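One chain is shown next in structure tokens, namely the form deposited in one PDB entry.
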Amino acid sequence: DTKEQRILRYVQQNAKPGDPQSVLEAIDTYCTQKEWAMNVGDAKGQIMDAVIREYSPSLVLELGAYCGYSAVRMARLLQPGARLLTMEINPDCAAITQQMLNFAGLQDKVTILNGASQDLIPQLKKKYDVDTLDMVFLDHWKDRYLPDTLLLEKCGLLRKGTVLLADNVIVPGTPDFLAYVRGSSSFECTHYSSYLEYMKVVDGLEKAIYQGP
């Protein structure tokens, strides 16, 4: 029994089927109160929602599905016919994410790709009927943000105006990626400051009164 399975089961038991907002709220409650997990969380999530709404992307790529929190967050805001592709190298995570999406009623909008980016990015256009991406959400291993961006470019998946949106550029940090995009004339960058997810961390003092030998 893993933390991720506990999160899914919590959702199935507490959230309302076919209600994405309910699913997000259940995940957030569980991770706030019971076990920290690396979901983007509500604070950063509200910023994501505002960016998605602004750009109204027809085709989004997510790198890093985890438990499907951001996939639910993004897919619930997609217009009819728009698609989210989400890449997850861990097959246990990919299965949890599919179940989370199913529970939320968002399965028709989302395609889970189970594999490594080095294999899957070059197969996107041919296997998943993609021309160029409107938006990319980066939230996988932090050392993979830059090499994957470069691979996306190599493969012709970026067009003028493709929006990349990257989580965790402060904590844990993505320093090569951040320096690269901020220094490149090929990118125009904006920073949205917020807070790391679920950081009300409990600690305590123990008092121990000696009673003698």
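The term rigid core refers to the maximal set of C-alpha atoms that superpose within 1.5 Å between the two forms. The first residue of the sequence shown is number 1, and the count goes up from there. Shifts are known only where both forms have a C-alpha.
This next part talks about the form deposited in another entry, which is not shown.
Enquirer: Please check if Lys200 moves between this form and the one not shown, taking a CA shift of 2 Å or more relative to the superposed core as movement.
Expert: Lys200: C-alpha displaced by 2 Å or more between this form and the one not shown.
Enquirer: Do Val201 and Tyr30 move together or apart in the other entry, judged by C-alpha distance changing 3 Å or more?
Expert: Farther apart, by at least 3 Å.
Enquirer: So the C-alpha spacing of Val202 and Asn14 changes by 3 Å or more in the other entry; is that change toward closer or farther than shown?
Expert: The answer is farther, because the C-alphas of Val202 and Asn14 separate from each other in the other entry by 3 Å or more.
Enquirer: Considering only residues present in both forms, which runs of at least 3 consecutive residues have all C-alphas displaced by 2 Å or more between this form and the one not shown after core superposition?
Expert: Shifted segment: only 200-213.
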